[PDB]
Every structure is written in C-alpha cells, then in structure tokens.
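A lone chain, given as structure tokens: the form deposited in one PDB entry.
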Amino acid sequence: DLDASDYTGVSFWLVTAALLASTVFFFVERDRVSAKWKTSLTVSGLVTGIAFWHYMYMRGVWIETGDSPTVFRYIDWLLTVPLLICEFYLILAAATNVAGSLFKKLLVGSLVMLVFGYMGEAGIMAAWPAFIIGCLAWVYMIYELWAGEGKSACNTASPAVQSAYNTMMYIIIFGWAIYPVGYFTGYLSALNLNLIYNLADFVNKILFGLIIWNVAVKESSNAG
C-alpha cells in the first residue's frame, strides 16, 4: 500500500489509472461517433495511451530513485503534443473543409516550447532564460488561435463545433499555462513540480479528449 506522506506518489498512481480509463473510453466510444469523427477519438486515445505508457515507467523511477524523471517526461510530451495539435486539424476537417496551414505554425511553436523546456531542466541555458523562451513560444501559440486559418475555419462550422473549438483554445490558454507554473515552482521543489505535472496531464490530456468526444457525439447523433 502506497504511502500517505508523499502526495507525488499518490498523484503518479492516481493519474496513471485515469489515463488507462480514458484510453479505453476513447477507443471504445468510437461506436457512438460518425465515420468522420472516428479519427478524432482515435488520436485522443493515442495521447492518453502513450501518456499512460510513459507514466508507468515514470512511476517506477519515482519509487526506485525519488528524482524527477525529466527525460521520460519530455519524451512523452515530444510524442503527445503534436497529436494534440492534430486534434485542431481533425475537428475542423470532420466539420469543415480546412487546408491545415495553422497546424504547421502551432506545431513549430509547440516544439520550441518543449525543446527549450527540456534544456532548462537539464541545466542547458540555465533556467530563467528557458522559462522566458518557453513562455514566448506559448505566447505565440495563443496568438495564432485568435487569428489564423483555424479562426477562419471555425467561423463556418456548426455552433456545436465552435463551442468545442473555443473550449479547446481555452485549454491551451489556462491548461498549458500550468506547465510554466510547475516549472517556476520546481526551479524558482521536485515534489511539487512532479505533482503539478501529474495534475496537468489530467486536464490537458483527459479533459481535452472529453471535449472532442462530447462534440463528436452531438454531431453524430444529428446525422444518426
């Protein structure tokens, strides 16, 4: 039985279980969605599925060592963040006709936020400059959602899709903002940084995928 002194150990176990439940939920709930939205729910399951597969290894590292598994942490982000950006393309493709140029601009900004974030936690370029650079890439992320191809594409979509797109954008706004909070807490320690990161994937990976499922089911029921 798990300890009750270290909240981080509880979070590693709690989150890991939630990502396993979410992965099964997303892959199974593709029956309720139309063939256009089936790809959107698959990518959500992959994000939670990869994150769960990465959290199992990270949970062992915490018990065996007690230090933050930074290398395992950022490798998972390097694989799941592009798939989350793909969700913006998929919903605008399963509802409207979008070429997808906004995908490239968001993907480049996301990679910059992750590449510099890993370097700061590894001692490269100290930590304060990394926090500023990671923030600026996050600032570029929010700007392209206010004005871009997606904003033009979201205008012609159904009101249900528009509400989802705004909610997903908010998640980029508030949810992705909590990562710099954990970065600030853990370097400006390790126990709180891992706790915040654990809770972050609860929102940015599970709540993000639940918004996709809700809009897909509403649209699919309309068609039947």
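Numbering starts at 1 and follows the sequence shown. Between two forms, the rigid core is the largest collection of C-alphas that superpose within 1.5 Å.
Omitted from view is the form deposited in another entry, to which the following refers.
Candidate set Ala93, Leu83, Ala127, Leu78; criterion, C-alpha shift of 2 Å or more between the shown form and the other one after rigid-core fit; matching residue, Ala127. With the core held fixed between the shown form and the other one, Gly175 has its Cα displaced by under 2 Å. A movement of the C-alpha atom of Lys151 falling short of 2 angstroms is seen between the shown form and the other one when the two forms are aligned on their rigid core.
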